[PDB]
Structures are given as C-alpha cells and as structure tokens.
Amino acid sequence: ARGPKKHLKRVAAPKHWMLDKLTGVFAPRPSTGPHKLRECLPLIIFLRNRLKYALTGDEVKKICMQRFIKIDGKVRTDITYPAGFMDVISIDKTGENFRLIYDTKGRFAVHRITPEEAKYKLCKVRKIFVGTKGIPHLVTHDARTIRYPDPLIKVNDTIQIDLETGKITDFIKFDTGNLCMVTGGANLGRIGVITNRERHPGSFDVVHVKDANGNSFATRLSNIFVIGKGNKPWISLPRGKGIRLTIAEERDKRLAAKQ
Amino acid sequence: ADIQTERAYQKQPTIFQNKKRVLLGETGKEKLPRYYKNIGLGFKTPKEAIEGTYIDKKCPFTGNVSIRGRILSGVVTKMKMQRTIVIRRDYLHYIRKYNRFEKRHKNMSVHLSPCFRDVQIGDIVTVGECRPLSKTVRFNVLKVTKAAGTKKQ
Amino acid sequence: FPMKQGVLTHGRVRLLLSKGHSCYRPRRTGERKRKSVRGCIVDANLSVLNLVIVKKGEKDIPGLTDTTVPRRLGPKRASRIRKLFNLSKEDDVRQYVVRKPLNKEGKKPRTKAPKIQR
Amino acid sequence: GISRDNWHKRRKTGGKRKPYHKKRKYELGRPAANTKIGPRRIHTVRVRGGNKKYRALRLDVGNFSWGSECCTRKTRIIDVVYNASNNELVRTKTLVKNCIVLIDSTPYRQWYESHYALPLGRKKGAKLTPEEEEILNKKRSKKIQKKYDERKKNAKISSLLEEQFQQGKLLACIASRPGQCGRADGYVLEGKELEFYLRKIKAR
RNA sequence: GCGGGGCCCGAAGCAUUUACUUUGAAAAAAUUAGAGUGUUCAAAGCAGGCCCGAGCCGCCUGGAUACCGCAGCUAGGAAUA
RNA sequence: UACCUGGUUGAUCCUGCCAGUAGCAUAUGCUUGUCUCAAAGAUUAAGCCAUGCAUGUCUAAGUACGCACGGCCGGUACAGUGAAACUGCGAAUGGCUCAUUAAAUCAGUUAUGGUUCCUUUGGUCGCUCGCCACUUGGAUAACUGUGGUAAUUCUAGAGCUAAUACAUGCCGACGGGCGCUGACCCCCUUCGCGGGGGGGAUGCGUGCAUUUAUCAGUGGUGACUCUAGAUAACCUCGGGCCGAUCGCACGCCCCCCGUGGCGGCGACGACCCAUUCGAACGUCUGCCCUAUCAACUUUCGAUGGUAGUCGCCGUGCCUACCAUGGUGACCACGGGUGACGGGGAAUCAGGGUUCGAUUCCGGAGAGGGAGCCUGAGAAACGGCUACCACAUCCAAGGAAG
C-alpha cells in the first residue's frame, strides 16, 4: 500500500518450497538478495525441512549465529537469506557441501557434492556492457558482476567462477548442441540438449530442447541455463538426470522398489 | 510553402546547422543534413522521411519517439486534426452463452506523420505503439496501405 | 506558560513550533505542534520570572553570589583539556585528566576517571 | 496541494469520471520558480529518492556556448528580449528555457583575438593602444606566424553576427532548465535561426 | 555460405488482408477432479515406511498429474466466409 | 440418478399457473449423552464509545565523568555489569472494514528505449598534479540546583559533559604523463630565397558525478538522441563524493635507531553502477440494470498542434498562442445498484442460473472534507495543522479528543 511488504502468507508462498498448511499463517519471506524470490529458497526451511537439523525457527538461528553456514564461501548469518540456484553451501564442520539443483519435478533437491567440485559455481550472464574508462562488465544469473571478462562472452553465455577468488575460470557459449537445463515454466527441472534457437524480433525468443531420451520440448530463452559442452555436464547431477517420467512410468519404478 | 510557420524556430535537436559558412562553404548550394533512423520489425522508411523537409518530434522516422509494444491495424475514418488522425479497428467479440459473435468496435487516435501523402478516407494503416504523446494519442502511424483508389476520374 | 525570546507582543499567542525553537520538545521526528506561548515583554501577569546576574557590585548577598559549587565533571575531549591547563603540545593528556572523589559510606572510597575522545 | 494527475480530467468521450482515491504524494505540488535576472539565489528542495533539485530564484551569469568555433565561456546576462511561449514573460524579465536571452560580448571577443589575432567590434580605431596593439603582433616566432597566417579560411563570420559584435551585446538562447537544475546554459544564436528571431523581435 | 565449379541451402519478398482451425510457449497458491499413505475408521492431514543384530556417521521414500476461459505471442493448414 | 405428483370439470384432452418434492444459508422453535474439526456484530448504523492494551529497539564492536553496581588490584584515562539520555533504525508492515468506486477498480497481456528505489547482495571506493593531520571547532541531553502551573509524554533559567550528532578540514599518493600554449634549430630549397621536422624557456587546464554545446563512430539492441571515447567550459554556501569512526589476536622491520616505521579478522558509513523488493504510469481485451436517459463534451481544457512551466519521468498535467475538433442506436451522455474487483462458492445431462462483506491477491478508507511534516517510502491518521460533526476534564485561565 504505502510501501514495501515484509510479511508473506503461507498459502501465498511458492509451492515448490513444500510448506505445511496448518503450522502457521506466515511464510519464511526471503530477504532481498541476488535472486528473485519466487525462484529462490531461503535458509530457514532448508535446514529445518530439507535437512532436519532443526525443529523450530529458533534452532536455525542458533546454528547460523555460530558462523558456520557458508553461502558461496561466505558466512551469511541471516536465516532468511535467499539462496537461489547453482550455489554451494558449506557446513564445514560435518562437511556436507550441498549444491542447490532442481529435480525433474520443479523442486530444489538435497544434493551433495565433493569437497573440491564445491570450489566453483556457474553463472548465466544477463547483460554485458562497457563501463567507465572503456572497460567491459558483465552481470550474471546471481547479482555478481565481473570486470574485464574474456571478450568472447556474449549475452546468455554461461561462465564458471570459483568461490574465494571471484574470477572467471571457463566460459561455455550458448550454441545449438550444448546441454542446457531449463529453470522456468512448466518444463523446468528437465535437462536436455539444445536443438535450435528460433528468434523472435521484439517478442520472446523460444528454443527447442531435445532430451537424451527423445522427448522433445520447448521453453523461452529466459529459462535456459547451459551446463554442458555437447553431451557431458560440468556439474554433478541428481538422480533422474533431468528426465521427467510419466505418471504411469513413475508408478512402476516406485512400486517395484517397494518389493 | 515554408516550414518555419510556428512562433519558435523548429529544427531537429541533433544535427548542427551552422558549420562555418566561408569561401569553402558557399550559400549558393545549401542543404542541411537530415537525421532519420530505421525502425525494426521489417518497416521501411518512406522517401519523404529522407528527402523530405518537415519537422516533427512525434514522427517515428525523424523524431524522438521509439515504437515498441503492440502493433495493430485499422481503417482511417476521419482525417481532420493536424498531424493526428482517427482510425477504427472493428472486431468480433464472442458471447459463449449464445454461441455467436457480436460486431463491436472501438476507434483510436493515432499520430499521422507528414511523411505520407495519399492518406484519404477509408485506407488501411498498420499502427505501432509507443510512449503517450497526448491525452489520448498513444499510437503512431508506421505504414499506410492504400484503398479505394489507383484510378479516379 | 513559559516565555519565549522573539515574540515582541505582550499577551499569549499560539505558535506552531517545530524541533528546536524553544518551549517544545517533540515526541517523534519532524513533528510540529501548536502551543500557546507567552510573549517576551514583561507585565504584572507573571507567576515567576527568571533573572541572571551579569555583574557583581558591592557585597556578598548571603547564599546567592557565594559558595562556589564545584564543577565535578571536568573536560573530557582531548582539546579542551589541552586548552584548560594550557598544555603546549604532546604534553601527555593521559596524565593531566581530572579525577573525581567518591565517598559512599558502605563502600570503599573510590575515584573515577573518564574515557578519552579524539 | 496542487496535483498533476489525469483522474480529474473529463475523459475522451466527455464523461465525468468520479474520483476513486484521494490525491497522492507522487502528484506533488508544482509551483513555478520564475527565474529572473539579478544576483544569484538558488534554493534546494528534496524530491523522491531523497534527491535534490536546485531551483533558481534569481540568476546572474550563464555558461553560453558558441558552437561554430567551439567556445564556451561564463558571461553575464543582460536582458530577455523575446519569448515564444508567452509575450508576457518578457515584460517581467523571466528566464525560461527557449527564450531568446541577451548577453554581452567580452569573453568571446578576447577569445577571438587570442586565437586569430584580428580586431573585432572595431569600427573607428585610434584607441587600441592598451590591450589591442600588443596582442596582434606580440613579437611572435617564425612558425607561429606560419600557423596563424594560414588561418585566413576559418576567420570570416556571416554579416548578421559580427554586426552585433560591434555594438556590444550578443543575443543567445538558453538550453538549460532554470528553476529545475539551477543553471542557465545555452548556445549563441547564429545562421538561418538568427534570421528567424531577428525578424520576430523586429516585428514586435 | 558444402569476382565467377561440385554432394548446397540460409538470410529476402510473405508477392491482398482478416475471420476460422491445429500446434507450441507463457500463465500464484488454496479450492475442485484426482495419485500415494489403516489419521484406529471417516472428515481431514501431508505425512510416513523398515529391520537396531547397535553402529543404525541410521536407512529408504513422498510432498503427483490434469484443468486455468476469452484477448494477446508463436508456428502450420487455406475448405468455408 | 438427463425423473416428476396433487389441483379449473358431470367426466375428457389441453393451455397455464399454483401447491408439493430436493438441495444450501440466515433466523427461530422444540430437544440434546459422548467425541473430532469448527464459522461467529457482514446485512439495519463506515452509528457512538467508558477503561485496559496492541511498536519498539544494544553488539566484543557510535556516546558512561548516575557509586547504580563491581577486586577502585594502586596511586592511575577507562577489568566489566549497567539504569538514564543522545545517535541510529523501524513505526509506510501487519490487523480491521467494504462506505466510496460501472473501462474506474480488477483480471489476463505487454511496456517503460519515458522514471524512482532505505535495504540486500556484487562492483566501485592512491585515476583529481593542488604553518593541526599523531586528529581541528562550537554546542547539547541525561546529571546537579532553583522554578511556574487545578491540570497534559507542558516545560522555563543557570552550571557541567560526550559523538558515527552538528560542522570545518589535511597528509601521503605526487615522481609525472597528457593536450592548448609557447624567445633560439641554424643540419632542408639560406641561391635573393622559400624552408621540413622534432625540441626546449613559458602559463593554463587535467578524476568520477552535474549542466550545455561540439566531434568521431569500443560494446550492444528489431530499433537511440544508447554505452563508451574526444574537445570546449560549468559545479548551486538551505554548496555531490574523494573515511578526523569503533572493536579482536597482537605481530614484524628495527639500518635514523628502544622511538620511529609496517601489518591479519572484522564492524560501521560512503557519491555512482548493477541486483533485489517493488512502487508509479501506459497498451490490448473483458463488467450488471435502465431510452419514463438521444444527443454529449468545449467561457471553467473539450480533441489536437507548437513552445515552455513546474513533476521522479511520458502527457492538456498545467500556462500562453493557434486549429475546430472529440464521442454516440456496434447504446454515447445521465441515472440506479441490497456494485469493492478477482481467485472462487451453491447447483448439475449438456447449455446454464444464482451468490461471492468474509482468512488468498489487488484496490479503498480510518468521524466528514482539506493542507502538510519527517523519511527511500505517507497527503500516514494507535503523526501534525485547520474547518465541519459528535464528545471529555477544568480551580472556568485553559487542556485533551
């Protein structure tokens, strides 16, 4: 009304956080940060629902005030911090090293990674521009800006930056044939190779994506996140490997493992 | 005939006119360099926006207006009102109770740029949109396509 | 209603006072409030008037111009303690701070010193 | 409490629209500054964002530009001579944007003399001893006389413009927005533009 | 797009223009329709399930899917009007 | 369950309505043992309200010179705990209501290339050539001590004292480079000559941000008057930044030389860029009843054109000067609404019909109108100022809603 909102109702929360209906009225209400808030997932319900290291909202604070919750190598102490996608957390005492990845049903996945692959993350760029005194800038999927990039890095390119250093290690260019992950719309969580990029001048650009199992589909360009060179991902994938199963094919692969 | 008919000096704010009229630059052959631009989405620039001599802030081809947004089409139904015509876009609205359509319309004021001559009553005009120009004029004329003519006695 | 410097009208008027004029201490920031304040000219309609000497003349009025009350809080910032005791330069401010005596009955007699600033 | 919104206007058909909210703060009060010629008074008002705008209650000098020979100098403002938006804003000497302003000629004269070494404004001569006989000769070297005598190509001015270097004051046009930024910059009139406005003052 | 040749096909004109139709995107949950689960049953709820021989750093797994009109954005079809 | 039954006649077949029947939602009547969920002053009065409350807030880290306490560890700056008060930041969210409001709100859609954004992150923060810097200056609260009132979160006077409050302001970088200038180049064509160059003596300007003019055409978009670069200059005293801030473990060089030089983790502020939360303003399409509402709008902006004013920006948003336009039987304009809109709910063959004050999203408003302050954000009401309406205390002077 007269200003910004800082409550959030629980039934108005994003449903891929998988909240309750009767445990309260309110929602965790993620802080302002690098990621938009409909896309993201806060720190509170990641360590009391996704991992069960806590039972109340107070128990998340008294682990996060002991200063070992490391989001992208940095200790962030607010329990409503917006994590987002492709970021590595670091407990560093019991050493879990999760990365936030969607599973093939649109939801963030509890997903461990090795303690040396954790040392980096990947970033789609959202804009490249020249700054003052004529030097190039890029701004990424997250809020992180980089000065002096490799001048082959155009828009909607995916670069790899390491934590604790902050510079670009390897970039991998948005081309037909590369292996993208879709992070938007009704098809997200699926992982497949890019078929073609069919432009629309002035409208939204839509690309077609073939999976590794023939199921072709399409999303618009603002949902595409390249994480592979042709056929191999640069990151560890979860189970399912970005392949959506049908509800009858989910049925027997769920009810035969309960044999 | 002449262009300077208002009470301030009409000119384009970007091109500079008075570039050192000396024994090199003679006043016998005197033009001024004419600023135009190109609109995307495959729209040509009419010859009278390049070899023309007019001045319009609100023209898409020589002013500071940029088309982006919806693109529509209509029929010129009234051509009064200097640099601004009224077009009517008829359409059909479907009432699903009666399983039938309903011939509706709503007309709309658009900025006619003076880079188009043969714009008479009842012609087809594709119209693009931009920032608000007036109280009601939000859209702008891109390309006339003639009707009812090509031979008149 | 307490008097205000700058009315130049005997009587009682109502001023719209912001933060920092006189006779109005606010309650939240930027609050202005209309209060009835008495003019600066004197009359016979005064319950009390404040009154400040600028010169001692003949003798000692008992209990009014004598019994000099000790300024028990001395200078604390390290530029008025250099100006009070005429410290020339780099004359070790930490040595020449004033120290207040403390004389409670149930406790041992302490002495307190300030921090420093600047 | 003067507003600037559209919801008190009668709509396109001609129907009275009934107001559906109170007037809000982002239709903030809009008074005019009416920048006029005197000493320098500038007032500062905070706006949305916490930003400032410097509204110019009274102006003295300007930073007018020359363009054809690329010069910009401070110069004081003499007079307002013609305004297109209102012939009543010129009887009260009020600076607005597209008004034709009148400034003096001293910083442009001493620029034109320090670069070309020609007299300028001069019609009778025979008083040019104190700062004018010295500057055009100065006991230069060889190659300076080479590079200055080749400047008999970009030294001539169209006759409408040096006629008003003679008799004291050049008319110009403000391009800044005083009362909004707090400056009165602009360009010097010249060319077919100057023939336009010299008619529109002569016709008054 | 494998200054003048070959397994070669993009940009370009959409050379009447619309209605109509199919496709593909994009469309907040809750609610409905519905998947799973002996809340003891049921309305609900989104939980729960498995052997402790103690290594049980505790293991496995869910929190589906469909429908979101009409108007716009795409690509196709050109009978009918 | 895509369903019917009784009633005009002496009987008949109809047309027709009436009554029956079934949901669900308000109220009431009678009755009521157990146990799970559970609406609940919406409709008439957005009527009026006694009293009590619902917004406040200290880290190792802005300010302790209250004995309020501490081992006052000792002959001195402060072992810390700390009330009180300054500073900062919130109080613009949430909660309540549905009076207003009929292309308005709202919904989908698409924009801002026409703009604002405390915060959050992530960048930038020796790019400026210029007799305190080992730290400048003046107040003020709590406190002490007098007071005035019938009475309020009323405060007056005098004495102290602090800053991340309120200001002024510097070192180092800093050696210079660059361009505009510019007293010797004489080696070139001194043959009478015309010379071809680099150079020095010289004085200016020099970063970002702001404002205007000009020039060229790194990085982009479908598309610029974009981003960047070049030149000429501005820089508002109610004046743009270029750290006079506070904790923690203390360590290193010590050749001037046992006093001077250097260092790790932070915490705060900080112009500007981008992000985030948005907010605002636009586009397209979509709304119930009424003609016993057929012409409306334009002196008072009604539609458009120029030029400007202010506004955070687009714009009759305003002002001046012009043109005479705009809308309408494809329902304008006016009226009514037991009209907040939507997701939705009841119903159940299909087509539909009715309800939706009500927990979710959006809007609106705090008795009725209006005007403002503070702040990033308010025309705020558990903020202020005034009028209108209602209403409280009074010692009748005034106070507070």
# chains A, B, ... in the order shown; residues from 1 in each chain; ligands from 1
$ residues_around --residues "residue 39 in chain E" --least-positions-apart "6" --cutoff "12 Å" --atoms "only C-alpha atoms (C1' of nucleotides)" --output "PDB file with C-alpha atoms (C1' of nucleotides), in the first residue's frame"
ATOM      1  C1'   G E  45      -3.604 -34.253   7.371  1.00  0.00           C
ATOM      2  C1'   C E  46       0.991 -34.418   4.048  1.00  0.00           C
ATOM      3  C1'   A E  47       2.884 -37.485   6.113  1.00  0.00           C
ATOM      4  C1'   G E  48       5.485 -41.628   6.680  1.00  0.00           C
TER       5        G E  48
ATOM      6  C1'   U F  36     -13.239 -34.904  16.170  1.00  0.00           C
TER       7        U F  36
END
$ closest_atom_pairs --of "chain F" --to "chain D" --cutoff "9 Å" --atoms "only C-alpha atoms (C1' of nucleotides)" --output "Markdown table"
| residue | atom | partner | partner_atom | distance |
| --- | --- | --- | --- | --- |
| F:100 | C1' | D:20 | CA | 7.3 |
| F:101 | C1' | D:20 | CA | 5.6 |
| F:104 | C1' | D:20 | CA | 7.2 |
| F:105 | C1' | D:20 | CA | 8.1 |
| F:116 | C1' | D:49 | CA | 6.1 |
| F:117 | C1' | D:49 | CA | 6.6 |
| F:183 | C1' | D:141 | CA | 7.7 |
| F:210 | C1' | D:181 | CA | 8.9 |
| F:211 | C1' | D:183 | CA | 7.0 |
| F:212 | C1' | D:185 | CA | 5.3 |
| F:213 | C1' | D:65 | CA | 5.4 |
| F:214 | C1' | D:67 | CA | 6.0 |
| F:231 | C1' | D:70 | CA | 8.4 |
| F:232 | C1' | D:71 | CA | 5.5 |
| F:233 | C1' | D:72 | CA | 5.2 |
| F:234 | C1' | D:63 | CA | 6.4 |
| F:236 | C1' | D:42 | CA | 6.1 |
| F:238 | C1' | D:44 | CA | 6.3 |
| F:280 | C1' | D:26 | CA | 8.0 |
| F:296 | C1' | D:14 | CA | 7.0 |
| F:297 | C1' | D:14 | CA | 4.6 |
| F:301 | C1' | D:9 | CA | 8.3 |
| F:302 | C1' | D:14 | CA | 7.3 |
| F:303 | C1' | D:12 | CA | 8.0 |
| F:306 | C1' | D:85 | CA | 8.8 |
| F:307 | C1' | D:85 | CA | 4.6 |
| F:308 | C1' | D:85 | CA | 5.7 |
| F:309 | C1' | D:32 | CA | 6.4 |
| F:310 | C1' | D:30 | CA | 5.1 |
| F:311 | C1' | D:30 | CA | 6.9 |
| F:312 | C1' | D:48 | CA | 6.0 |
| F:316 | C1' | D:9 | CA | 8.9 |
| F:317 | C1' | D:4 | CA | 4.4 |
| F:318 | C1' | D:4 | CA | 7.5 |
| F:319 | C1' | D:86 | CA | 8.6 |
| F:320 | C1' | D:86 | CA | 4.9 |
| F:321 | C1' | D:85 | CA | 7.2 |
| F:326 | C1' | D:13 | CA | 6.7 |
| F:327 | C1' | D:13 | CA | 4.4 |
| F:328 | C1' | D:13 | CA | 8.7 |
| F:332 | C1' | D:13 | CA | 7.3 |
| F:333 | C1' | D:15 | CA | 6.8 |
| F:364 | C1' | D:21 | CA | 7.0 |
| F:371 | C1' | D:1 | CA | 6.9 |
| F:372 | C1' | D:1 | CA | 8.8 |
| F:375 | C1' | D:50 | CA | 8.5 |
| F:376 | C1' | D:49 | CA | 5.5 |
| F:377 | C1' | D:49 | CA | 8.6 |
| F:378 | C1' | D:25 | CA | 7.7 |
| F:379 | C1' | D:25 | CA | 5.6 |
$ residues_around --residues "range 16-19 of chain E" --least-positions-apart "6" --cutoff "10 Å" --atoms "only C-alpha atoms (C1' of nucleotides)" --output "PDB file with N, CA and C atoms (P, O5', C5', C4', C3', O3' and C1' of nucleotides), in the first residue's frame"
ATOM      1  N   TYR B  91     -13.929  -5.323 -34.818  1.00  0.00           N
ATOM      2  CA  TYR B  91     -13.591  -6.678 -34.399  1.00  0.00           C
ATOM      3  C   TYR B  91     -14.866  -7.402 -33.985  1.00  0.00           C
ATOM      4  N   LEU B  92     -14.742  -8.706 -33.755  1.00  0.00           N
ATOM      5  CA  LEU B  92     -15.849  -9.542 -33.312  1.00  0.00           C
ATOM      6  C   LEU B  92     -15.580 -10.051 -31.908  1.00  0.00           C
ATOM      7  N   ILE B 124      -6.187   1.493 -45.237  1.00  0.00           N
ATOM      8  CA  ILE B 124      -5.695   0.537 -44.259  1.00  0.00           C
ATOM      9  C   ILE B 124      -4.349   1.038 -43.761  1.00  0.00           C
TER      10      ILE B 124
ATOM     11  P     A E  81     -18.822 -20.074 -48.900  1.00  0.00           P
ATOM     12  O5'   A E  81     -18.584 -18.716 -48.109  1.00  0.00           O
ATOM     13  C5'   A E  81     -19.428 -18.370 -47.026  1.00  0.00           C
ATOM     14  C4'   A E  81     -18.837 -17.282 -46.169  1.00  0.00           C
ATOM     15  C3'   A E  81     -18.273 -16.077 -46.893  1.00  0.00           C
ATOM     16  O3'   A E  81     -19.268 -15.192 -47.370  1.00  0.00           O
ATOM     17  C1'   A E  81     -16.795 -16.727 -45.182  1.00  0.00           C
TER      18        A E  81
END
$ select_by_dssp --residues "range 102-154 of chain D" --states "alpha helix (DSSP H)" --output "number ranges by chain"
D: 106-116, 142-149
$ interface_residues --of "chain A" --to "chain E" --cutoff "7 Å" --atoms "only C-alpha atoms (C1' of nucleotides)" --output "list in words"
residues 11, 12, 13, 15, 18, 219, 220 and 247 of chain A
$ write_last_selection --atoms "N, CA, C and O atoms" --output "PDB file, in the first residue's frame"
ATOM      1  N   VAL A  11       0.070 -19.684   2.366  1.00  0.00           N
ATOM      2  CA  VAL A  11      -0.563 -20.181   1.150  1.00  0.00           C
ATOM      3  C   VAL A  11      -0.235 -19.335  -0.065  1.00  0.00           C
ATOM      4  O   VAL A  11      -0.497 -19.764  -1.189  1.00  0.00           O
ATOM      5  N   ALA A  12       0.340 -18.156   0.124  1.00  0.00           N
ATOM      6  CA  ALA A  12       0.847 -17.354  -0.976  1.00  0.00           C
ATOM      7  C   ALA A  12       2.310 -17.635  -1.286  1.00  0.00           C
ATOM      8  O   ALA A  12       2.849 -17.053  -2.232  1.00  0.00           O
ATOM      9  N   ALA A  13       2.962 -18.501  -0.514  1.00  0.00           N
ATOM     10  CA  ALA A  13       4.353 -18.846  -0.750  1.00  0.00           C
ATOM     11  C   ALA A  13       4.480 -19.708  -2.005  1.00  0.00           C
ATOM     12  O   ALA A  13       3.493 -20.283  -2.470  1.00  0.00           O
ATOM     13  N   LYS A  15       4.986 -22.967  -3.984  1.00  0.00           N
ATOM     14  CA  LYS A  15       4.647 -24.321  -3.574  1.00  0.00           C
ATOM     15  C   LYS A  15       5.764 -25.321  -3.811  1.00  0.00           C
ATOM     16  O   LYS A  15       5.632 -26.473  -3.386  1.00  0.00           O
ATOM     17  N   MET A  18       7.409 -26.503  -0.632  1.00  0.00           N
ATOM     18  CA  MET A  18       6.682 -27.603   0.006  1.00  0.00           C
ATOM     19  C   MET A  18       6.399 -27.319   1.481  1.00  0.00           C
ATOM     20  O   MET A  18       6.881 -28.011   2.379  1.00  0.00           O
ATOM     21  N   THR A 219      11.020 -24.211 -24.392  1.00  0.00           N
ATOM     22  CA  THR A 219      10.779 -23.118 -23.460  1.00  0.00           C
ATOM     23  C   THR A 219      11.404 -21.853 -24.021  1.00  0.00           C
ATOM     24  O   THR A 219      12.242 -21.899 -24.923  1.00  0.00           O
ATOM     25  N   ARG A 220      10.994 -20.716 -23.473  1.00  0.00           N
ATOM     26  CA  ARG A 220      11.558 -19.464 -23.940  1.00  0.00           C
ATOM     27  C   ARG A 220      12.929 -19.223 -23.318  1.00  0.00           C
ATOM     28  O   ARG A 220      13.322 -19.863 -22.341  1.00  0.00           O
ATOM     29  N   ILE A 247       3.422 -40.425 -15.344  1.00  0.00           N
ATOM     30  CA  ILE A 247       2.819 -40.852 -14.091  1.00  0.00           C
ATOM     31  C   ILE A 247       2.592 -42.355 -14.044  1.00  0.00           C
ATOM     32  O   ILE A 247       2.528 -42.931 -12.953  1.00  0.00           O
TER      33      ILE A 247
END
$ select_by_dssp --residues "chain C" --states "strand (DSSP E or B)" --output "list in words"
residues 3, 12, 13, 14, 15, 16, 17, 33, 34, 35, 36, 37, 38, 77, 100, 101, 111, 112 and 117 of chain C
$ residues_around --residues "range 5-15 of chain C" --least-positions-apart "2" --cutoff "12 Å" --atoms "only C-alpha atoms (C1' of nucleotides)" --output "VMD selection string"
(chain C and resid 1 to 3 17 to 18 21 to 24 32 to 46) or (chain F and resid 156 385 397 to 398)
$ residues_around --residues "residue 61 in chain B" --least-positions-apart "5" --cutoff "8 Å" --atoms "only C-alpha atoms (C1' of nucleotides)" --output "PyMOL selection string"
chain B and resi 36-39+45+49
$ write_last_selection --atoms "N, CA and C atoms" --output "compact mmCIF listing (two decimals), in the first residue's frame"
# COMPACT_ATOMS: atom_id res chain seq x y z
N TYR B 36 17.45 10.83 -39.97
CA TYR B 36 16.43 9.82 -39.85
C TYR B 36 17.03 8.58 -39.20
N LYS B 37 16.16 7.66 -38.81
CA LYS B 37 16.57 6.38 -38.26
C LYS B 37 15.75 5.28 -38.91
N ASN B 38 16.03 4.04 -38.53
CA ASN B 38 15.28 2.90 -39.03
C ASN B 38 14.57 2.22 -37.88
N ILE B 39 13.31 1.89 -38.11
CA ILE B 39 12.55 1.06 -37.19
C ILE B 39 12.75 -0.41 -37.56
N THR B 45 11.56 2.92 -44.52
CA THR B 45 11.47 4.35 -44.31
C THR B 45 11.03 5.03 -45.60
N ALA B 49 10.63 10.86 -45.72
CA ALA B 49 11.27 11.00 -44.42
C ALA B 49 12.78 11.14 -44.54
$ decode --residues "range 3-23 of chain D" --atoms "N, CA and C atoms" --output "mmCIF file, in the first residue's frame"
data_model
loop_
_atom_site.group_PDB
_atom_site.id
_atom_site.type_symbol
_atom_site.label_atom_id
_atom_site.label_comp_id
_atom_site.auth_asym_id
_atom_site.auth_seq_id
_atom_site.Cartn_x
_atom_site.Cartn_y
_atom_site.Cartn_z
ATOM 1 N N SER D 3 -2.149 19.209 -7.751
ATOM 2 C CA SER D 3 -1.840 17.906 -8.302
ATOM 3 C C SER D 3 -1.642 18.013 -9.807
ATOM 4 N N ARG D 4 -1.285 16.889 -10.409
ATOM 5 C CA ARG D 4 -0.862 16.855 -11.800
ATOM 6 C C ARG D 4 -1.419 15.640 -12.522
ATOM 7 N N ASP D 5 -2.399 14.975 -11.939
ATOM 8 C CA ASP D 5 -2.897 13.686 -12.370
ATOM 9 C C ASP D 5 -4.021 13.817 -13.389
ATOM 10 N N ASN D 6 -4.327 12.694 -14.027
ATOM 11 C CA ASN D 6 -5.289 12.657 -15.111
ATOM 12 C C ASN D 6 -6.697 12.345 -14.627
ATOM 13 N N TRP D 7 -6.850 11.853 -13.401
ATOM 14 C CA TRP D 7 -8.158 11.401 -12.953
ATOM 15 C C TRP D 7 -9.081 12.521 -12.504
ATOM 16 N N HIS D 8 -8.726 13.785 -12.705
ATOM 17 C CA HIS D 8 -9.700 14.859 -12.599
ATOM 18 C C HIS D 8 -10.066 15.422 -13.960
ATOM 19 N N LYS D 9 -9.486 14.896 -15.033
ATOM 20 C CA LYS D 9 -9.846 15.332 -16.370
ATOM 21 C C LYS D 9 -11.124 14.646 -16.820
ATOM 22 N N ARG D 10 -11.864 15.336 -17.673
ATOM 23 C CA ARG D 10 -13.012 14.744 -18.332
ATOM 24 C C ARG D 10 -12.500 13.843 -19.442
ATOM 25 N N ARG D 11 -13.043 12.629 -19.539
ATOM 26 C CA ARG D 11 -12.425 11.617 -20.382
ATOM 27 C C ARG D 11 -12.719 11.861 -21.865
ATOM 28 N N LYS D 12 -12.308 10.889 -22.690
ATOM 29 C CA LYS D 12 -12.241 11.065 -24.139
ATOM 30 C C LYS D 12 -13.618 11.260 -24.755
ATOM 31 N N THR D 13 -14.619 10.534 -24.260
ATOM 32 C CA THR D 13 -15.975 10.728 -24.753
ATOM 33 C C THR D 13 -16.565 12.037 -24.252
ATOM 34 N N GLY D 14 -16.192 12.456 -23.050
ATOM 35 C CA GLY D 14 -16.755 13.644 -22.452
ATOM 36 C C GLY D 14 -17.470 13.330 -21.158
ATOM 37 N N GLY D 15 -17.189 12.160 -20.588
ATOM 38 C CA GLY D 15 -17.851 11.735 -19.373
ATOM 39 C C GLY D 15 -17.097 12.159 -18.130
ATOM 40 N N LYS D 16 -17.830 12.708 -17.165
ATOM 41 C CA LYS D 16 -17.276 12.965 -15.843
ATOM 42 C C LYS D 16 -16.922 11.652 -15.167
ATOM 43 N N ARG D 17 -15.644 11.467 -14.862
ATOM 44 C CA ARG D 17 -15.216 10.319 -14.081
ATOM 45 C C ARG D 17 -15.162 10.700 -12.605
ATOM 46 N N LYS D 18 -15.770 9.867 -11.768
ATOM 47 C CA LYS D 18 -15.794 10.130 -10.334
ATOM 48 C C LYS D 18 -14.472 9.705 -9.704
ATOM 49 N N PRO D 19 -13.908 10.505 -8.797
ATOM 50 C CA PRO D 19 -12.585 10.194 -8.232
ATOM 51 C C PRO D 19 -12.610 8.977 -7.317
ATOM 52 N N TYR D 20 -11.647 8.078 -7.520
ATOM 53 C CA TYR D 20 -11.633 6.807 -6.817
ATOM 54 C C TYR D 20 -10.565 6.707 -5.736
ATOM 55 N N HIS D 21 -9.664 7.680 -5.628
ATOM 56 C CA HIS D 21 -8.813 7.790 -4.452
ATOM 57 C C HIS D 21 -8.531 9.257 -4.173
ATOM 58 N N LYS D 22 -8.035 9.523 -2.965
ATOM 59 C CA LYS D 22 -7.506 10.835 -2.626
ATOM 60 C C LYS D 22 -6.276 11.137 -3.471
ATOM 61 N N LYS D 23 -5.962 12.422 -3.598
ATOM 62 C CA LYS D 23 -4.746 12.799 -4.299
ATOM 63 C C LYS D 23 -3.520 12.395 -3.490
#
